[PDB]
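Q: enclosed are the sequence and the experimentally obtained structure.
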Amino acid sequence: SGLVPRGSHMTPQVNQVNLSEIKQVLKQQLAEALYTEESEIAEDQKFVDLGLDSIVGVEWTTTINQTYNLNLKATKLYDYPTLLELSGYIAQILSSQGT
């Protein structure tokens, strides 16, 4: 996955949903949830360290499901406090629902 957003130019309607493609989106979705910008969020930093709580984790877990058409809960935030692992799991769910 040589998909690295740098802000040089926009990305088109990419059909696929690679691991990194989900990872970058997750950062963006969670940035707004933490009242910040994804530009300052790390991929291996814990959402909780930034301020992800029990409330935000439950609402955010839903937006994720709606984005990739899955079923997940608050326990996900607790199992994968970083985008790296979070995305790792999601990528397998959508890859199984279509095979």
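A: Arrived safely, thanks for sending. Residues are numbered from 1 along each chain as shown.
Q: compute the number of surrounding residues for the residue lying closest to residue 86 once chain neighbours are set aside.
A: Excluding the flanking residues, the one nearest residue 86 by Cβ to Cβ, 6 or more residues apart in numbering is residue 80, at 4.1 Å. Just so you know, the C-beta spots here come from the backbone N, C-alpha and C atoms, and that holds for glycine as well. Here the number of neighbours of residue 80 (other Cβ atoms under 10 Å) works out to 18.
Q: hang on, residue 88 packs against residue 26?
A: No: applying Cβ atoms under 8 Å, one finds residue 88 not in contact with residue 26, separated by 10.7 Å.
Q: now do the helices in this structure.
A: Secondary structure of the chain (DSSP state H): helices located at 19-33, 47-50, 54-68, 74-79, 83-97.
Q: re earlier: let me see the backbone angles for the residue nearest to residue 86.
A: phi -130, psi 80 (degrees, to the nearest 10).
Q: ok, it - contacts?
A: Residues in contact with residue 80 (Cβ atoms under 8 Å, 6 or more residues apart in numbering) are 86, 88, 89.
Q: swap in residue 28?
A: residue 38.
Q: same check on residue 76?
A: Applying Cβ under 8 Å, 6+ apart, the residues contacting residue 76 are 61, 64, 86, 89.
Q: can I get these in CSV including distance to residue 40 and neighbour count?
A: Listed next are the contacts of residue 76 as CSV, based on distance: Cβ to Cβ, whole Å; neighbours: other Cβ atoms under 10 Å:
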residue, distance to residue 40, neighbour count
61, 22, 18
64, 20, 20
86, 18, 24
89, 24, 14
